[PDB]
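Colleague: Dropping the structure in here first, questions after.
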Amino acid sequence: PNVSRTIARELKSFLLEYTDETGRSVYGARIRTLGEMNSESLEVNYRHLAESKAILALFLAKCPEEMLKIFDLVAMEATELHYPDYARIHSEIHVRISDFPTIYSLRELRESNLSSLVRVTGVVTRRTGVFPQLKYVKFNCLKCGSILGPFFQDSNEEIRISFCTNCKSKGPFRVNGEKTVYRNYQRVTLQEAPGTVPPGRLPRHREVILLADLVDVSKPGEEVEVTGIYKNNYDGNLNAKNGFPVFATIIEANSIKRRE
Amino acid sequence: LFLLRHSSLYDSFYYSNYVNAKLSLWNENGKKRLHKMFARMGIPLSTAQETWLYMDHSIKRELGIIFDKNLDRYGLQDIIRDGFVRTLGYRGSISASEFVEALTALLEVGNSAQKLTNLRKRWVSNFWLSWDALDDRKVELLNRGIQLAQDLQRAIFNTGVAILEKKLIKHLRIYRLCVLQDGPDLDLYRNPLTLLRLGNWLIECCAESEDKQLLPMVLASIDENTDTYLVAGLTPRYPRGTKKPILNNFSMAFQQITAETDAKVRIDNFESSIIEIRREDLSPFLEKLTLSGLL
Amino acid sequence: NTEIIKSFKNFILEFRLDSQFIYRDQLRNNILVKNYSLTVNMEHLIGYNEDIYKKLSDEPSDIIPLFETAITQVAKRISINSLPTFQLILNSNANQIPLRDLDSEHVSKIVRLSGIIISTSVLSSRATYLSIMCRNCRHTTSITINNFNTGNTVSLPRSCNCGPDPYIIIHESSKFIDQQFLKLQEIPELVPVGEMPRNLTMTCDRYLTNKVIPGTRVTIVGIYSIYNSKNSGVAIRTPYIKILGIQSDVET
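Residue numbers (the authors' numbering), protein chains in the order written: chain 2, 201 to 460; chain c, 326 to 436, 462 to 591, 597 to 650; chain 5, 24 to 103, 130 to 198, 201 to 211, 235 to 305, 319 to 339.
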């Protein structure tokens, strides 16, 4: 919406003017721990935000796919008043929302938990290698120039952005290997913990995507606690099943905690 | 800084003196402040450990500019001086200070009583190894020197930390004392141009900008082979901000004691402020230093 | 593209240390033996000029095939018919990047590293200069490829209308080179306490084939590049190192 500019100025006071326990604002002493580890990750608790403003706590569970972009874009200009020469080191920060107790073990996932912040524990089974992703679709149009401006296909979607009327008509486009920003990628599946199984039933799998900071944080055999989101991945969802329009569901991860 | 042109940026900020004297890098509480500089300066921590040839064109262009906007807050403003640079064509630049380190480090490395003089012929024969390198024809002899210099001030910095955690300093009423008896690589410290390297790292460390006192140090290292105990008297300094020039007393007041008991001492140096002494003679000698104090 | 040849053509002719100058004596003694290469030490580039290495460090895939044609215009100032395109082999020593930390930032950048070679492959053929004729028009041409970015980056055109891709490769007038396809494993003294040792696959050009036996300790200077075959994900590429210059040790 266009109400976002009212949101940008009014959560910025909860990065600077939120203090607790006789001074030492915990998100003024947090950005100084960025830089000296140089790690583009702000830790943000959920209890430290929900007690102040109950409006934005609702707007995390409603639609965090458009909420976290604005919560990242102003997160740059919080550091910029501390480290003014930080445009050239990753130029980007994404955020690390803490505990929100929604789902108990694994199997409470209905329609009513779609596209919402879910927290879930489990056990890592197996994991693939580390690969690069595109993140910046840059065309190879023959009629226009081969720089053509930055366009975004950054999802599990693989957008069908056709090149029509580029310079004089629809120029045929491909992808090159030039000047785009790749990022990491690693799929790791996860199954149910053997301590909290109901009697008789087999454990269930689920696929989890990690992205761009949290690769090589797992090891097979760990009690991992994922706080991702929950979406509806297309691109080959039961290709031999068109009489049953049945969609594939992948958790995109937003944080990883170890056993506690 | 020490050896900018032939090492990285980050590896010069460790093994310095006027950065270590103002940020106290031997502990852990100061090493967090060092990365806190490179955040403000706009230098990543991958670039800042690449060697100084392979840094970008638009960073060595802007080193004279970033060193004056962000260097004020940590007190380091006595960093930029004026120095000399001798380029021999297509080879590359070597300053003046970065040449005298490669000659103080080519004078001890890189080569009973008759075990002593077999060492002194290893120093006299080492003297011609710098006499040739001073010229402009042999540069393959100089670049042996620089890579023999960084492994000198990496072995000093790992000893000078191990003193300032255990705190082996006696804080006596006249001077300060330290006696080193055990540790790694104690073979290096038989050369008088190696004790004065470490002792110069301790004087600018504790006798710092922070006023505690102003007292001389007395060092004493040790090896095996009849327990030589190379002691060396040092001097105090000011933190560069020059009225008292006398600044030494360890020639006179020391000389009276060696003609009092003459208990196994030899004065065998160009300088009168460094001797050897046997191991059984260390304890009754030091008590006499506190008596008849001339300072 | 333009005049960056002349900024490199003066580097081979005029670089000179104290008395005897190297790149006109390494280019002449590698023609009489019929060796057809050159070895550039990479510290001597940035001592002579910094603006050249600024271009080479940023975008290396488009400039090293411009230096390969800047050599073959100099070897015709010495020999005076068949002089092929020369090959550029370079070596340096800045700082080793360990094999475990190769992020997504080092795509198309000069990177050196180290390790142990597991296996090799059988040689192959890649085309450099081929001759095309159309089936209906019979209009001859000649495509000369010199850049190397493994599947397809330069292909046949679509018209000289005529049909979809009317072009035929003629096998009677061309030139070919070799490829080697190694594999490289990290050194086990950078121990993976809870991991297995990873590996990468390299390529080699015409004059680095059959140089190294499996089981050695090498240091490899190359371009960390990417290729997109399907030979398991969405928009996923795969990494590989295009070797230009293998500085092995003494083989022992």
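The beta-carbon is built from N, C-alpha and C at its ideal position, and this holds for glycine as well.
Let me see if you follow: with CB-CB separation under 8 Å, is residue 247 (chain 2) close to chain c or not?
Modeller: So no, residue 247 (chain 2) is outside the interface.
Colleague: Are the CB atoms of residue 243 (chain 5) and residue 184 (chain 5) within a distance shorter than 8 Å?
Modeller: Not in contact: residue 184 (chain 5) and residue 243 (chain 5) (Cβ atoms no closer than 8 Å).
Colleague: Using a Cβ cut-off of 8 Å, pull out every chain 2 residue sitting near residue 202 (chain 5), in sequence order please.
Modeller: Chain 2 residues near residue 202 (chain 5): none, gap ~12 Å exceeds 8 Å.
Colleague: Using a beta-carbon distance cut-off of less than 9 Å, what residues from the region 357-382 of chain c approach chain 5?
Modeller: Correct list: 371, 374, 375, 376, 378, 379, 381, 382.
Colleague: In angstroms, rounded to a whole number, what distance separates the CA positions of residue 541 (chain c) and residue 371 (chain c)?
Modeller: Computed Cα separation, rounded: 37 Å.
Colleague: Pair every Cβ in the region 512-527 of chain c with every Cβ in the region 566-582 of chain c, then say whether three or more of these pairs are closer than 8 Å.
Modeller: Yes, the region 512-527 of chain c touches the region 566-582 of chain c.
Colleague: Using the beta-carbon of each residue, which ones in chain 5 are nearer than 7 Å to residue 340 (chain c)?
Modeller: Chain 5 residues near residue 340 (chain c): none, gap ~17 Å exceeds 7 Å.
Colleague: Roughly how many whole angstroms lie between the Cα atoms of residue 166 (chain 5) and residue 295 (chain 5)?
Modeller: About 14 Å.
Colleague: Since residue 250 (chain 5) is in the beta strand (DSSP E), which residue starts that stretch and which ends it?
Modeller: Element bounds for residue 250 (chain 5): 241-251.
Colleague: Is it right to say residue 521 (chain c) is buried, meaning 16 or more other beta carbons lie within 10 angstroms of its own, or is it exposed?
Modeller: Exposed.
Colleague: Since residue 330 (chain 5) meets chain 2, which of its residues come closer than 7 Å, beta carbon to beta carbon?
Modeller: Near residue 330 (chain 5) there are no residues of chain 2 at all, since even the closest Cβ is about 18 Å away, more than 7 Å.
Colleague: Any C-beta of chain c sitting closer than 8 Å to the C-beta of residue 40 (chain 5)?
Modeller: Yes, residue 40 (chain 5) counts as interfacial toward chain c.
Colleague: Identify which residue in 260 (chain 5), 197 (chain 5), 98 (chain 5) has its Cα closest to the Cα of residue 280 (chain 5).
Modeller: Considering only alpha carbons, the answer is 197 (chain 5).
Colleague: Could you list which residues in chain c have their beta carbon closer than 8 Å to that of residue 70 (chain 5), in chain order?
Modeller: Within chain c, the residues near residue 70 (chain 5) are 415, 416, 417.
Colleague: Compute the beta-carbon to beta-carbon distance between residue 207 (chain 2) and residue 270 (chain 2), rounded to the nearest angstrom, for a pair I have assumed lies under 8 Å.
Modeller: So it is a contact: roughly 6 Å between Cβ atoms.
Colleague: Any C-beta of chain 5 sitting closer than 8 Å to the C-beta of residue 419 (chain 2)?
Modeller: True, the Cβ-Cβ gap to chain 5 drops below 8 Å.
Colleague: Using a Cβ-Cβ distance cut-off of 8 Å, determine whether residue 144 (chain 5) contacts chain c.
Modeller: So yes, residue 144 (chain 5) belongs to the interface.
Colleague: What does a CB cutoff of less than 6 Å around residue 335 (chain c) pick up in its chain, not counting 5 residues either side in sequence?
Modeller: Within the same chain, residue 335 (chain c) has close Cβ partners 373, 374.
Colleague: Nearest-angstrom Cα distance between residue 35 (chain 5) and residue 80 (chain 5)?
Modeller: Cα-Cα distance, rounded: 19 Å.
Colleague: Name the chain c residues whose beta carbon is nearer than 9 Å to that of residue 285 (chain 2)?
Modeller: The answer, in chain order, is 364, 365, 366, 367, 368, 391, 395.
Colleague: Here's the rule I'm using: 16 or more other beta-carbon atoms within 10 Å means buried, otherwise exposed. How should residue 25 (chain 5) be labelled?
Modeller: It counts as exposed.
Colleague: If you scan the region 495-559 of chain c from start to end, which runs of the beta strand (DSSP E) of 3 or more residues do you find wholly inside it?
Modeller: With a minimum length of 3 residues, the continuous beta strand (DSSP E) runs that stay inside the region 495-559 of chain c are 526-528.
Colleague: Are the Cβ atoms of residue 204 (chain 5) and residue 277 (chain 5) separated by less than 8 Å?
Modeller: Not in contact: residue 204 (chain 5) and residue 277 (chain 5) (Cβ atoms no closer than 8 Å).
Colleague: State the Cα-Cα distance for the pair residue 547 (chain c) and residue 418 (chain c), rounded to the nearest angstrom.
Modeller: Distance between the alpha carbons of residue 547 (chain c) and residue 418 (chain c) is about 25 Å.
Colleague: Output the distance between the C-alpha atoms of residue 651 (chain c) and residue 550 (chain c), rounded to the nearest integer angstrom.
Modeller: Lying before the first or after the last residue shown, residue 651 (chain c) is absent from chain c, which here runs from 326 to 650.
Colleague: For residue 340 (chain 2), collect the residues of the same chain with a Cβ closer than 6 Å to its Cβ; drop the 5 residues on either side in sequence, then sort them by chain order.
Modeller: Excluding residues within five positions, the ones whose Cβ falls inside 6 Å are 373, 374, 376.
Colleague: Mind checking whether residue 628 (chain c) and residue 647 (chain c) have CB atoms under 8 Å apart?
Modeller: No, these two residues do not count as a Cβ contact at 8 Å.
Colleague: If the criterion is Cβ atoms closer than 8 Å, does the pair residue 557 (chain c) and residue 586 (chain c) meet it?
Modeller: Yes, these two residues count as a Cβ contact at 8 Å.
Colleague: Going by Cα to Cα distance, which pick from 329 (chain 2), 307 (chain 2), 238 (chain 2), 458 (chain 2) is closest to residue 325 (chain 5)?
Modeller: Closest by alpha carbon: 329 (chain 2).
Colleague: Per the contact definition of three or more C-beta pairs closer than 8 Å, is the region 349-365 of chain c in contact with the region 384-402 of chain c?
Modeller: Counting Cβ pairs under 8 Å, three or more are found: they touch.
Colleague: Determine the direct distance from the alpha carbon of residue 346 (chain c) to that of residue 491 (chain c), and round the result to whole angstroms.
Modeller: Roughly 33 Å between the two C-alpha positions.
Colleague: Grab me the residues of residue 338 (chain 2)'s own chain with a C-beta within less than 6 Å of its C-beta, minus the 5 sequence neighbours each way, in chain order.
Modeller: Contacts found: 380.
Colleague: Just to confirm my understanding: we take residue 215 (chain 2), look at its own chain, exclude 5 residues before and 5 after, and list those with CB closer than 6 Å. What are they?
Modeller: Same-chain partners within the cutoff: 227, 278.
Colleague: Applying the 10 Å Cβ sphere with the 16-neighbour rule, what's the burial state of residue 162 (chain 5)?
Modeller: With 16 or more other Cβ atoms within 10 Å, it is buried.
Colleague: Where residue 396 (chain 2) and residue 357 (chain c) are concerned, what is the direct C-alpha to C-alpha distance, given to the nearest angstrom?
Modeller: So the two alpha carbons sit approximately 43 Å from each other.
Colleague: Rounded to a whole number of angstroms, what is the C-alpha to C-alpha distance between residue 539 (chain c) and residue 555 (chain c)?
Modeller: Roughly 20 Å between the two C-alpha positions.
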